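Peer 1: Structure file start-v8.cif (mmCIF, C-alpha atoms and all ligand atoms) right here:
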```
data_data
loop_
_atom_site.label_atom_id
_atom_site.label_comp_id
_atom_site.auth_asym_id
_atom_site.auth_seq_id
_atom_site.Cartn_x
_atom_site.Cartn_y
_atom_site.Cartn_z
CA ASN Q 1 9.31 26.74 -14.14
CA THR Q 2 7.88 23.78 -12.23
CA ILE Q 3 7.74 22.50 -8.66
CA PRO Q 4 9.66 19.22 -8.22
CA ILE Q 5 8.07 16.43 -6.18
CA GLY Q 6 10.08 13.24 -5.71
CA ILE Q 7 8.59 9.81 -6.30
CA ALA Q 8 10.72 7.06 -4.74
CA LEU Q 9 9.06 3.72 -5.47
CA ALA Q 10 10.11 0.23 -6.46
CA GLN Q 11 10.21 0.37 -10.26
CA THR Q 12 12.52 -2.65 -10.48
CA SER Q 13 12.95 -5.91 -8.51
CA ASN Q 14 10.11 -8.15 -7.39
CA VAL Q 15 9.03 -5.27 -5.16
CA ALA Q 16 7.94 -3.60 -8.41
CA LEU Q 17 5.07 -6.13 -8.51
CA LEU Q 18 3.64 -3.70 -5.94
CA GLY Q 19 5.42 -0.50 -6.99
CA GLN Q 20 4.33 -0.40 -10.62
CA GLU Q 21 0.67 0.15 -9.63
CA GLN Q 22 1.83 3.02 -7.45
CA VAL Q 23 3.73 4.59 -10.34
CA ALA Q 24 0.56 4.30 -12.45
CA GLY Q 25 -1.47 6.17 -9.83
CA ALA Q 26 1.17 8.86 -9.44
CA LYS Q 27 1.25 9.49 -13.20
CA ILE Q 28 -2.54 9.78 -13.32
CA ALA Q 29 -2.32 12.31 -10.50
CA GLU Q 30 0.36 14.36 -12.27
CA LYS Q 31 -1.86 14.79 -15.32
CA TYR Q 32 -5.02 15.36 -13.29
CA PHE Q 33 -3.46 18.10 -11.18
CA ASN Q 34 -1.43 19.74 -13.94
CA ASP Q 35 -4.52 19.88 -16.18
CA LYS Q 36 -6.10 21.86 -13.32
CA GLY Q 37 -3.20 24.33 -13.37
CA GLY Q 38 -0.81 22.65 -10.95
CA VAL Q 39 -0.04 24.90 -7.99
CA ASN Q 40 -1.93 28.14 -8.69
CA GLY Q 41 -0.70 28.04 -12.28
CA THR Q 42 2.76 26.55 -11.72
CA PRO Q 43 2.98 22.94 -12.93
CA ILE Q 44 4.32 20.23 -10.70
CA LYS Q 45 6.98 17.89 -12.02
CA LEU Q 46 7.17 14.37 -10.64
CA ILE Q 47 10.77 13.20 -10.50
CA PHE Q 48 10.97 9.42 -10.35
CA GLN Q 49 13.94 7.75 -8.67
CA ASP Q 50 13.75 3.97 -8.51
CA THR Q 51 14.47 2.52 -5.07
CA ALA Q 52 14.82 -1.05 -6.31
CA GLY Q 53 13.95 -3.67 -3.70
CA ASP Q 54 16.21 -3.06 -0.69
CA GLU Q 55 17.12 -0.47 1.95
CA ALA Q 56 20.33 0.76 0.33
CA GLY Q 57 18.51 1.50 -2.92
CA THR Q 58 15.86 3.47 -1.05
CA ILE Q 59 18.43 5.50 0.88
CA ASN Q 60 20.20 6.26 -2.41
CA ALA Q 61 16.95 7.27 -4.11
CA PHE Q 62 16.02 9.58 -1.24
CA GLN Q 63 19.48 11.17 -1.14
CA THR Q 64 19.43 11.75 -4.90
CA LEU Q 65 15.97 13.31 -4.78
CA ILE Q 66 16.90 15.53 -1.84
CA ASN Q 67 20.35 16.63 -2.97
CA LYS Q 68 20.48 16.47 -6.77
CA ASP Q 69 16.82 16.87 -7.70
CA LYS Q 70 16.09 19.44 -4.97
CA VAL Q 71 12.58 18.10 -4.41
CA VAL Q 72 10.14 19.85 -2.09
CA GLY Q 73 8.93 16.50 -0.73
CA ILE Q 74 8.96 12.76 -1.37
CA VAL Q 75 6.20 10.24 -2.04
CA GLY Q 76 7.45 6.78 -1.06
CA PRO Q 77 8.90 4.33 -0.51
CA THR Q 78 6.93 1.23 -1.48
CA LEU Q 79 7.70 -1.04 1.51
CA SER Q 80 7.60 -0.43 5.23
CA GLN Q 81 10.86 -2.44 5.32
CA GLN Q 82 12.45 0.29 3.20
CA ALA Q 83 10.77 3.16 5.08
CA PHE Q 84 12.20 2.25 8.47
CA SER Q 85 15.74 2.53 7.07
CA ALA Q 86 15.36 5.43 4.65
CA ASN Q 87 12.73 7.70 6.16
CA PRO Q 88 15.10 8.77 8.97
CA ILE Q 89 17.34 10.23 6.22
CA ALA Q 90 14.53 12.54 5.12
CA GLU Q 91 13.58 13.29 8.74
CA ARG Q 92 17.15 14.39 9.50
CA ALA Q 93 17.23 16.47 6.30
CA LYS Q 94 13.84 18.06 7.15
CA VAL Q 95 12.25 16.90 3.88
CA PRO Q 96 8.64 15.71 4.07
CA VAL Q 97 7.81 12.12 3.18
CA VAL Q 98 4.27 10.93 2.47
CA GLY Q 99 4.05 7.15 2.40
CA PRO Q 100 1.49 5.85 -0.06
CA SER Q 101 1.38 2.20 1.15
CA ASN Q 102 3.51 1.75 4.29
CA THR Q 103 1.15 0.05 6.72
CA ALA Q 104 3.46 -1.33 9.41
CA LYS Q 105 3.06 -0.11 12.97
CA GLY Q 106 5.39 2.78 13.75
CA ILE Q 107 5.79 4.56 10.41
CA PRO Q 108 4.45 8.05 11.28
CA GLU Q 109 6.28 7.78 14.62
CA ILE Q 110 9.58 7.84 12.71
CA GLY Q 111 9.46 11.62 12.97
CA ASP Q 112 7.83 14.96 12.37
CA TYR Q 113 8.44 14.82 8.59
CA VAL Q 114 6.90 11.38 8.04
CA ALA Q 115 3.20 11.05 7.21
CA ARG Q 116 1.20 8.36 5.42
CA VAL Q 117 -2.07 8.13 3.53
CA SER Q 118 -2.27 4.35 3.98
CA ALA Q 119 -4.27 3.09 6.92
CA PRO Q 120 -2.19 0.64 8.97
CA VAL Q 121 -2.43 -3.10 9.48
CA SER Q 122 -4.24 -2.76 12.81
CA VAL Q 123 -7.33 -1.31 11.13
CA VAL Q 124 -7.09 -2.99 7.70
CA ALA Q 125 -6.30 -6.65 8.41
CA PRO Q 126 -9.09 -7.66 10.82
CA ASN Q 127 -11.69 -7.00 8.10
CA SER Q 128 -10.64 -10.01 6.07
CA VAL Q 129 -10.85 -12.42 9.03
CA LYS Q 130 -14.40 -11.21 9.66
CA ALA Q 131 -15.23 -11.71 5.98
CA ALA Q 132 -13.89 -15.27 6.06
CA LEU Q 133 -16.07 -16.04 9.09
CA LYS Q 134 -19.11 -14.60 7.34
CA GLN Q 135 -18.49 -16.94 4.38
CA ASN Q 136 -17.87 -19.90 6.67
CA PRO Q 137 -19.13 -19.44 10.24
CA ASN Q 138 -17.81 -22.92 11.08
CA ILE Q 139 -14.13 -22.04 10.72
CA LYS Q 140 -12.37 -23.26 13.88
CA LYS Q 141 -8.70 -23.91 13.08
CA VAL Q 142 -6.39 -21.31 11.55
CA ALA Q 143 -2.86 -21.66 10.15
CA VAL Q 144 -0.83 -18.47 9.77
CA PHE Q 145 2.20 -17.86 7.53
CA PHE Q 146 4.46 -14.80 7.45
CA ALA Q 147 7.62 -13.47 5.82
CA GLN Q 148 10.03 -13.15 8.71
CA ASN Q 149 12.44 -10.90 6.78
CA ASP Q 150 9.86 -8.20 5.98
CA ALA Q 151 8.88 -5.51 8.50
CA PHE Q 152 5.32 -5.05 7.27
CA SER Q 153 4.69 -8.80 7.14
CA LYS Q 154 5.81 -9.16 10.75
CA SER Q 155 3.58 -6.27 11.79
CA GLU Q 156 0.60 -7.59 9.83
CA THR Q 157 0.89 -11.13 11.13
CA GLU Q 158 0.69 -9.92 14.73
CA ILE Q 159 -2.66 -8.31 13.95
CA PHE Q 160 -3.95 -11.39 12.15
CA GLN Q 161 -2.91 -13.63 15.04
CA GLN Q 162 -4.55 -11.37 17.62
CA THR Q 163 -7.73 -11.20 15.53
CA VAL Q 164 -7.84 -15.00 15.28
CA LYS Q 165 -7.60 -15.20 19.06
CA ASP Q 166 -10.20 -12.49 19.65
CA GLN Q 167 -12.63 -14.23 17.31
CA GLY Q 168 -12.33 -17.33 19.51
CA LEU Q 169 -10.52 -19.44 16.92
CA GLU Q 170 -7.71 -21.95 17.39
CA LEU Q 171 -4.31 -20.92 16.04
CA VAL Q 172 -2.88 -24.30 15.03
CA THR Q 173 0.47 -23.08 13.67
CA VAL Q 174 2.52 -20.05 12.73
CA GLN Q 175 4.89 -20.83 9.84
CA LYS Q 176 7.75 -18.59 8.72
CA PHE Q 177 9.21 -18.01 5.27
CA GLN Q 178 11.37 -15.44 3.44
CA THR Q 179 10.02 -13.11 0.75
CA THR Q 180 12.74 -14.43 -1.59
CA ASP Q 181 11.63 -18.06 -1.18
CA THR Q 182 9.78 -19.72 -4.07
CA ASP Q 183 9.22 -23.08 -2.42
CA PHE Q 184 7.10 -23.66 0.65
CA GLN Q 185 6.49 -27.38 0.55
CA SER Q 186 7.55 -28.12 4.12
CA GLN Q 187 5.68 -25.22 5.74
CA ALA Q 188 2.59 -25.84 3.63
CA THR Q 189 2.58 -29.57 4.42
CA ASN Q 190 3.11 -29.00 8.12
CA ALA Q 191 0.11 -26.63 8.16
CA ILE Q 192 -2.07 -28.91 6.03
CA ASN Q 193 -1.41 -31.81 8.41
CA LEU Q 194 -3.12 -29.76 11.16
CA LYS Q 195 -6.39 -29.59 9.20
CA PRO Q 196 -6.91 -25.83 9.20
CA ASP Q 197 -10.20 -24.34 8.02
CA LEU Q 198 -8.54 -20.99 7.26
CA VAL Q 199 -5.02 -20.06 6.15
CA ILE Q 200 -3.68 -16.49 6.47
CA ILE Q 201 -0.62 -15.32 4.54
CA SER Q 202 1.44 -12.19 5.22
CA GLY Q 203 4.11 -11.82 2.57
CA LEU Q 204 4.66 -9.93 -0.66
CA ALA Q 205 3.37 -10.70 -4.16
CA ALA Q 206 5.59 -13.31 -5.80
CA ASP Q 207 6.09 -15.19 -2.54
CA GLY Q 208 2.46 -14.91 -1.49
CA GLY Q 209 1.23 -16.11 -4.88
CA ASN Q 210 3.62 -19.04 -4.94
CA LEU Q 211 2.53 -20.08 -1.45
CA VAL Q 212 -1.18 -19.89 -2.38
CA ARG Q 213 -0.55 -22.06 -5.44
CA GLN Q 214 1.42 -24.64 -3.48
CA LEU Q 215 -1.14 -24.89 -0.69
CA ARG Q 216 -3.77 -25.73 -3.30
CA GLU Q 217 -1.43 -28.16 -5.12
CA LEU Q 218 -0.84 -29.95 -1.81
CA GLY Q 219 -4.58 -30.45 -1.36
CA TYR Q 220 -5.65 -27.61 0.93
CA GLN Q 221 -9.34 -26.87 0.30
CA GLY Q 222 -10.13 -24.35 3.04
CA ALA Q 223 -10.35 -20.58 2.97
CA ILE Q 224 -7.36 -18.31 2.33
CA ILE Q 225 -6.72 -14.73 3.34
CA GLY Q 226 -3.90 -12.76 1.79
CA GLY Q 227 -2.49 -9.67 3.42
CA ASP Q 228 -1.68 -6.38 1.71
CA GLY Q 229 1.39 -7.78 -0.03
CA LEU Q 230 -0.82 -10.06 -2.14
CA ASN Q 231 -3.10 -7.15 -3.05
CA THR Q 232 -2.29 -6.98 -6.75
CA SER Q 233 -3.43 -8.62 -9.96
CA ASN Q 234 0.25 -9.53 -10.35
CA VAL Q 235 -0.51 -12.54 -8.15
CA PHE Q 236 -2.88 -13.89 -10.82
CA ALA Q 237 -0.03 -15.07 -13.07
CA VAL Q 238 1.60 -16.88 -10.17
CA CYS Q 239 -1.29 -18.90 -8.71
CA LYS Q 240 -3.47 -18.85 -11.88
CA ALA Q 241 -6.79 -20.67 -11.34
CA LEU Q 242 -5.60 -21.60 -7.84
CA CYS Q 243 -5.76 -17.94 -6.76
CA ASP Q 244 -9.55 -18.23 -6.83
CA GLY Q 245 -11.30 -17.31 -3.59
CA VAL Q 246 -8.44 -15.57 -1.79
CA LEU Q 247 -9.79 -12.79 0.48
CA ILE Q 248 -7.85 -9.53 0.72
CA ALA Q 249 -8.78 -6.47 2.77
CA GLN Q 250 -8.93 -3.13 0.98
CA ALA Q 251 -8.43 0.50 1.97
CA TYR Q 252 -9.98 1.74 -1.29
CA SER Q 253 -13.03 0.92 -3.41
CA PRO Q 254 -13.42 1.72 -7.13
CA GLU Q 255 -17.14 2.15 -6.49
CA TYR Q 256 -16.67 4.78 -3.79
CA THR Q 257 -18.76 7.66 -5.14
CA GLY Q 258 -16.56 10.65 -4.25
CA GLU Q 259 -16.28 12.98 -7.25
CA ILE Q 260 -12.51 12.75 -7.49
CA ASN Q 261 -12.68 8.96 -7.32
CA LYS Q 262 -15.06 9.04 -10.27
CA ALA Q 263 -12.52 11.10 -12.22
CA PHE Q 264 -9.58 8.98 -11.09
CA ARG Q 265 -11.46 5.74 -11.79
CA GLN Q 266 -12.60 6.90 -15.23
CA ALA Q 267 -9.06 7.90 -16.17
CA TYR Q 268 -7.70 4.60 -14.88
CA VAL Q 269 -10.30 2.36 -16.54
CA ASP Q 270 -10.05 4.14 -19.89
CA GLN Q 271 -6.30 3.51 -19.94
CA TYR Q 272 -5.81 0.15 -18.20
CA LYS Q 273 -9.16 -1.52 -19.01
CA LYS Q 274 -9.75 -2.67 -15.44
CA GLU Q 275 -10.66 -1.16 -12.09
CA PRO Q 276 -8.04 0.92 -10.30
CA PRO Q 277 -6.31 -1.07 -7.56
CA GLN Q 278 -5.75 0.18 -4.03
CA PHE Q 279 -2.04 0.90 -4.57
CA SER Q 280 -2.81 3.17 -7.52
CA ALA Q 281 -5.45 5.10 -5.56
CA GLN Q 282 -3.10 5.48 -2.58
CA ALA Q 283 -0.29 6.86 -4.74
CA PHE Q 284 -2.72 9.32 -6.35
CA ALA Q 285 -3.83 10.43 -2.87
CA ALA Q 286 -0.22 11.02 -1.78
CA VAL Q 287 0.42 13.27 -4.79
CA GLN Q 288 -2.89 15.03 -4.13
CA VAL Q 289 -1.82 15.80 -0.56
CA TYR Q 290 1.29 17.53 -1.90
CA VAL Q 291 -0.51 19.47 -4.64
CA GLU Q 292 -3.30 20.74 -2.39
CA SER Q 293 -0.85 21.59 0.40
CA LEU Q 294 1.41 23.42 -2.03
CA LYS Q 295 -1.61 25.42 -3.25
CA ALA Q 296 -2.64 26.33 0.29
CA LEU Q 297 0.92 27.30 1.22
CA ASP Q 298 1.46 29.28 -2.00
CA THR Q 299 -1.72 31.28 -1.40
CA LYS Q 300 -0.45 32.36 2.06
CA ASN Q 301 3.27 32.49 1.29
CA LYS Q 302 4.24 32.48 -2.39
CA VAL Q 303 6.44 29.45 -2.90
CA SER Q 304 8.55 30.83 -5.75
CA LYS Q 305 10.13 33.18 -3.21
CA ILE Q 306 10.75 30.67 -0.42
CA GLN Q 307 14.23 29.15 -0.25
CA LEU Q 308 14.21 25.36 -0.39
CA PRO Q 309 14.91 24.43 3.24
CA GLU Q 310 12.12 26.70 4.50
CA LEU Q 311 9.82 25.60 1.68
CA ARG Q 312 10.24 21.99 2.77
CA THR Q 313 9.56 22.81 6.42
CA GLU Q 314 6.53 24.97 5.64
CA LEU Q 315 5.16 22.37 3.23
CA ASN Q 316 5.45 19.65 5.89
CA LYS Q 317 3.70 21.87 8.44
CA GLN Q 318 0.95 22.68 5.95
CA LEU Q 319 0.23 19.17 4.75
CA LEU Q 320 -0.28 17.92 8.30
CA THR Q 321 -3.12 20.44 8.78
CA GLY Q 322 -5.02 19.68 5.58
CA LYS Q 323 -8.26 17.88 4.82
CA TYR Q 324 -8.36 16.07 1.48
CA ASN Q 325 -11.19 14.58 -0.51
CA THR Q 326 -9.29 11.80 -2.24
CA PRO Q 327 -10.04 8.56 -4.07
CA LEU Q 328 -9.60 6.89 -0.64
CA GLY Q 329 -12.35 9.08 0.78
CA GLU Q 330 -12.08 12.12 3.02
CA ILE Q 331 -8.76 11.92 4.85
CA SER Q 332 -6.66 14.06 7.15
CA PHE Q 333 -3.71 13.54 9.50
CA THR Q 334 -3.14 13.25 13.23
CA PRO Q 335 -0.50 15.61 14.66
CA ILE Q 336 2.13 12.89 14.08
CA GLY Q 337 1.21 12.14 10.48
CA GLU Q 338 -1.02 9.10 10.88
CA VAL Q 339 -3.89 8.97 8.43
CA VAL Q 340 -7.47 9.60 9.56
CA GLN Q 341 -9.69 7.41 7.29
CA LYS Q 342 -13.13 5.89 7.86
CA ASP Q 343 -14.04 3.15 5.41
CA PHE Q 344 -12.60 -0.29 4.65
CA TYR Q 345 -13.62 -3.19 2.43
CA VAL Q 346 -12.78 -6.77 1.57
CA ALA Q 347 -12.40 -8.14 -1.93
CA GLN Q 348 -12.13 -11.70 -3.17
CA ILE Q 349 -10.14 -12.98 -6.13
CA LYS Q 350 -12.37 -14.43 -8.84
CA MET Q 351 -10.44 -16.30 -11.51
CA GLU Q 352 -11.80 -17.49 -14.81
CA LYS Q 353 -11.66 -21.30 -15.04
CA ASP Q 354 -8.80 -21.30 -17.56
CA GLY Q 355 -6.71 -19.37 -15.03
CA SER Q 356 -5.51 -16.77 -17.53
CA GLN Q 357 -7.75 -13.93 -16.32
CA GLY Q 358 -9.30 -12.72 -13.08
CA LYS Q 359 -10.55 -9.80 -11.03
CA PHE Q 360 -11.20 -8.64 -7.49
CA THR Q 361 -14.85 -8.85 -6.44
CA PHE Q 362 -15.78 -6.47 -3.65
CA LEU Q 363 -17.89 -7.97 -0.90
CA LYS Q 364 -20.96 -5.99 0.13
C1 LIG T 1 2.22 -4.39 0.63
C2 LIG T 1 3.22 -3.40 1.20
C3 LIG T 1 3.23 -2.12 0.37
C4 LIG T 1 2.90 -3.12 2.69
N1 LIG T 1 1.65 -2.37 2.87
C5 LIG T 1 4.05 -2.44 3.43
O1 LIG T 1 3.76 -1.61 4.32
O2 LIG T 1 5.23 -2.75 3.16
MG MG T 2 5.17 11.71 11.61
#
```
Render the structure in this file as structure tokens.
Peer 2:
Amino acid sequence: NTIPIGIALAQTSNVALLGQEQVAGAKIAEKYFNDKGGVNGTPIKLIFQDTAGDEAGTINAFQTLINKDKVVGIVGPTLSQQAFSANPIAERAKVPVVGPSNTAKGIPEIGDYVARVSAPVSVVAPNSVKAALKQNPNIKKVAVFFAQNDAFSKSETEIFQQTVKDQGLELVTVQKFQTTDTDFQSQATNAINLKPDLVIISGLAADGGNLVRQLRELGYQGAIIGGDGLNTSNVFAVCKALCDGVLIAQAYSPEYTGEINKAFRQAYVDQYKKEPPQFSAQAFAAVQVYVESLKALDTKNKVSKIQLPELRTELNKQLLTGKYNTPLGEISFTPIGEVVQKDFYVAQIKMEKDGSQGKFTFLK
């Protein structure tokens, strides 16, 4: 006997350039927690249902997990775009959802069954603008790009634009693109003609990487910030040496000294031969929230005897009250499921000259 927890992430499509790191973190969590006896001796069982890259696929994944797989709760989905469509399904069904990486404004507000462990754009994004200004205090002109079809990108770009204004900088253009575009020559040229000192990009990974590469190809030599959708080593293949120097805010640091981060990091590095990325740590934290909440609930009200609808409702109630020492740091939730988290960072892509290898360097 095991306790089923649903994992609904993008395992296919270009959205999997983000989702695959989340899957990796979830699997590390499953082993970590099951090796510790699961829920008071009862193992958990992660049930993975691929969402693919759109809303329909996410809705289908959620419905399958809820109805066929009888899960006690869901971790997912990957994108805020998917969450706004699918999370109401879980809300209506009274099944908890813990978002690992949905950072758009409004996610926890979807309902009483929706929480997230991922700090939102309003607190994450401004960090990278400040870091760019530290590296070049003479930045004056800023060009902004965003994916107009993606909910998170639209939410993130508003924060970047407001931050640019509040820092007293000149916003010289806002250019739009689609996440499915591969070519950005006209937008990139129109921005470059305005002589920006800083370029900020809110898109996802393939699109963001292609845009970075093209800006450099077209002669742009200024600073570049990527938003959360570029926050993956999967961009390295796309922009190669021309990824070098891109600044990306972080809601996780491998060097954070919390005991569980040490264990998570060691497990990750031993397997993948590089530092754990933010998305992996966030997925681990989401699974941790479920395991620790299930343990607390089970101690007070043995879960093997609770029928599923009540188990789901009691688990949701429990998780919202918990405090968790996770790889992300000490976190908890507001009464509506927003994460409470203290520390943020900025990292910078450092490519090797040949362009075939790189890493994220954390700024001090
Ligand atoms: C990069 C992506 C996972 C983004 N944080 C979102 O909310 O969709
Ligand atoms: Mg909520």
Peer 1: Kindly work out which residues sit at most 12 Å from ligand MG 2 (chain T), using only C-alpha atoms and all ligand atoms, and give the list as a PDB file with C-alpha atoms, keeping the file's coordinate frame.
Peer 2:
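Below is the file that was written, out-v4.pdb:
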```pdb
ATOM      1  CA  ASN Q  87      12.730   7.700   6.160  1.00  0.00           C
ATOM      2  CA  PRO Q  88      15.100   8.770   8.970  1.00  0.00           C
ATOM      3  CA  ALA Q  90      14.530  12.540   5.120  1.00  0.00           C
ATOM      4  CA  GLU Q  91      13.580  13.290   8.740  1.00  0.00           C
ATOM      5  CA  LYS Q  94      13.840  18.060   7.150  1.00  0.00           C
ATOM      6  CA  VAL Q  95      12.250  16.900   3.880  1.00  0.00           C
ATOM      7  CA  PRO Q  96       8.640  15.710   4.070  1.00  0.00           C
ATOM      8  CA  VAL Q  97       7.810  12.120   3.180  1.00  0.00           C
ATOM      9  CA  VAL Q  98       4.270  10.930   2.470  1.00  0.00           C
ATOM     10  CA  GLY Q  99       4.050   7.150   2.400  1.00  0.00           C
ATOM     11  CA  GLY Q 106       5.390   2.780  13.750  1.00  0.00           C
ATOM     12  CA  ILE Q 107       5.790   4.560  10.410  1.00  0.00           C
ATOM     13  CA  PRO Q 108       4.450   8.050  11.280  1.00  0.00           C
ATOM     14  CA  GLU Q 109       6.280   7.780  14.620  1.00  0.00           C
ATOM     15  CA  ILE Q 110       9.580   7.840  12.710  1.00  0.00           C
ATOM     16  CA  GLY Q 111       9.460  11.620  12.970  1.00  0.00           C
ATOM     17  CA  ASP Q 112       7.830  14.960  12.370  1.00  0.00           C
ATOM     18  CA  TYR Q 113       8.440  14.820   8.590  1.00  0.00           C
ATOM     19  CA  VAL Q 114       6.900  11.380   8.040  1.00  0.00           C
ATOM     20  CA  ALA Q 115       3.200  11.050   7.210  1.00  0.00           C
ATOM     21  CA  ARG Q 116       1.200   8.360   5.420  1.00  0.00           C
ATOM     22  CA  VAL Q 117      -2.070   8.130   3.530  1.00  0.00           C
ATOM     23  CA  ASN Q 316       5.450  19.650   5.890  1.00  0.00           C
ATOM     24  CA  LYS Q 317       3.700  21.870   8.440  1.00  0.00           C
ATOM     25  CA  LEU Q 319       0.230  19.170   4.750  1.00  0.00           C
ATOM     26  CA  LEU Q 320      -0.280  17.920   8.300  1.00  0.00           C
ATOM     27  CA  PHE Q 333      -3.710  13.540   9.500  1.00  0.00           C
ATOM     28  CA  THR Q 334      -3.140  13.250  13.230  1.00  0.00           C
ATOM     29  CA  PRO Q 335      -0.500  15.610  14.660  1.00  0.00           C
ATOM     30  CA  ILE Q 336       2.130  12.890  14.080  1.00  0.00           C
ATOM     31  CA  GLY Q 337       1.210  12.140  10.480  1.00  0.00           C
ATOM     32  CA  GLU Q 338      -1.020   9.100  10.880  1.00  0.00           C
ATOM     33  CA  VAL Q 339      -3.890   8.970   8.430  1.00  0.00           C
TER      34      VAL Q 339
END
```
Peer 1: Write out as a Markdown table a residue-level contact list of chain Q versus ligand LIG 1 (chain T) with cut-off 6 Å: for each qualifying residue the closest pair of atoms and the distance in Å to one decimal, counting all atoms listed in the file, rows sorted by chain and residue number upward.
Peer 2:
```
| residue | atom | partner | partner_atom | distance |
| --- | --- | --- | --- | --- |
| Q:78 | CA | T:LIG1 | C3 | 5.3 |
| Q:79 | CA | T:LIG1 | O2 | 3.4 |
| Q:80 | CA | T:LIG1 | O2 | 3.9 |
| Q:101 | CA | T:LIG1 | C3 | 4.8 |
| Q:102 | CA | T:LIG1 | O1 | 3.4 |
| Q:103 | CA | T:LIG1 | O1 | 3.9 |
| Q:104 | CA | T:LIG1 | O1 | 5.1 |
| Q:152 | CA | T:LIG1 | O2 | 4.7 |
| Q:228 | CA | T:LIG1 | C1 | 4.5 |
| Q:229 | CA | T:LIG1 | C1 | 3.6 |
```
Peer 1: Please compute the CA of residue 200 (chain Q)-CA of residue 10 (chain Q) distance, one decimal, in Å.
Peer 2: 25.2 Å
Peer 1: Give me the residues within 7 Å of region 252-268 of chain Q as a PyMOL selection string, counting only C-alpha atoms and dropping any in the same chain fewer than 4 places off.
Peer 2: chain Q and resi 272+275-276+278+326-329+344
Peer 1: Closest to residue 303 (chain Q) among Q:315, Q:49, Q:129, Q:197, using all atoms listed in the file?
Peer 2: Q:315
Peer 1: Could you check which of Q:100, Q:287, Q:214, Q:32 is closest to residue 186 (chain Q), using all atoms listed in the file?
Peer 2: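 Using all atoms listed in the file, residue 186 (chain Q) sits closest to Q:214.
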Peer 1: Rank nothing, just name the residue among Q:121, Q:144, Q:291, Q:139 nearest to residue 43 (chain Q), using only C-alpha atoms.
Peer 2: Q:291
Peer 1: Give the answer as one residue: which of Q:27, Q:18, Q:350, Q:40 has the shortest atom-to-atom distance to residue 271 (chain Q), using only C-alpha atoms?
Peer 2: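 So, comparing all the options, the nearest one is Q:27.
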Peer 1: Quick one: distance from CA of residue 141 (chain Q) to CA of residue 216 (chain Q) in Å, one decimal?
Peer 2: 17.2 Å
Peer 1: For a test of reading the model, state the distance in Å between CA of residue 290 (chain Q) and CA of residue 311 (chain Q), rounded to one decimal.
Peer 2: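 So the answer is 12.3 Å.
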Peer 1: Kindly assemble as a Markdown table a list of the region 208-237 of chain Q residues that lie within 12 Å of region 159-173 of chain Q, each paired with its nearest atom pair and their distance in Å to one decimal, using all atoms listed in the file, sorted first by chain and then by ascending residue number.
Peer 2:
```
| residue | atom | partner | partner_atom | distance |
| --- | --- | --- | --- | --- |
| Q:225 | CA | Q:160 | CA | 9.8 |
| Q:226 | CA | Q:160 | CA | 10.5 |
| Q:227 | CA | Q:160 | CA | 9.0 |
| Q:228 | CA | Q:160 | CA | 11.8 |
```
Peer 1: Mind writing the picked residues with C-alpha atoms as a PDB file, keeping the file's coordinate frame?
Peer 2:
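The resulting file, selection11.pdb, is shown below:
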```pdb
ATOM      1  CA  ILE Q 225      -6.720 -14.730   3.340  1.00  0.00           C
ATOM      2  CA  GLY Q 226      -3.900 -12.760   1.790  1.00  0.00           C
ATOM      3  CA  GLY Q 227      -2.490  -9.670   3.420  1.00  0.00           C
ATOM      4  CA  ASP Q 228      -1.680  -6.380   1.710  1.00  0.00           C
TER       5      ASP Q 228
END
```
Peer 1: For each of Q:233, Q:82, Q:135, Q:313, take the minimum atom-to-atom distance to residue 54 (chain Q), counting only C-alpha atoms, then give the residue where this is smallest.
Peer 2: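 Residue with the minimum atom-to-atom distance to residue 54 (chain Q): Q:82.
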Peer 1: Within 12 Å of residue 57 (chain Q), counting only C-alpha atoms, which residues show up once you throw out same-chain ones fewer than 6 positions away? Write them as a list in words, please.
Peer 2: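 Once the nearby chain positions are removed, what remains is residues 8, 9, 10, 11, 12, 13, 15, 49, 50, 51, 63, 64, 77, 78, 79, 81, 82, 83, 85 and 86 of chain Q.
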Peer 1: Could you write those residues out with C-alpha atoms, as a PDB file, keeping the file's coordinate frame?
Peer 2:
```pdb
ATOM      1  CA  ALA Q   8      10.720   7.060  -4.740  1.00  0.00           C
ATOM      2  CA  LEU Q   9       9.060   3.720  -5.470  1.00  0.00           C
ATOM      3  CA  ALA Q  10      10.110   0.230  -6.460  1.00  0.00           C
ATOM      4  CA  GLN Q  11      10.210   0.370 -10.260  1.00  0.00           C
ATOM      5  CA  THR Q  12      12.520  -2.650 -10.480  1.00  0.00           C
ATOM      6  CA  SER Q  13      12.950  -5.910  -8.510  1.00  0.00           C
ATOM      7  CA  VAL Q  15       9.030  -5.270  -5.160  1.00  0.00           C
ATOM      8  CA  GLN Q  49      13.940   7.750  -8.670  1.00  0.00           C
ATOM      9  CA  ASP Q  50      13.750   3.970  -8.510  1.00  0.00           C
ATOM     10  CA  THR Q  51      14.470   2.520  -5.070  1.00  0.00           C
ATOM     11  CA  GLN Q  63      19.480  11.170  -1.140  1.00  0.00           C
ATOM     12  CA  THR Q  64      19.430  11.750  -4.900  1.00  0.00           C
ATOM     13  CA  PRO Q  77       8.900   4.330  -0.510  1.00  0.00           C
ATOM     14  CA  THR Q  78       6.930   1.230  -1.480  1.00  0.00           C
ATOM     15  CA  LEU Q  79       7.700  -1.040   1.510  1.00  0.00           C
ATOM     16  CA  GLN Q  81      10.860  -2.440   5.320  1.00  0.00           C
ATOM     17  CA  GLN Q  82      12.450   0.290   3.200  1.00  0.00           C
ATOM     18  CA  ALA Q  83      10.770   3.160   5.080  1.00  0.00           C
ATOM     19  CA  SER Q  85      15.740   2.530   7.070  1.00  0.00           C
ATOM     20  CA  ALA Q  86      15.360   5.430   4.650  1.00  0.00           C
TER      21      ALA Q  86
END
```
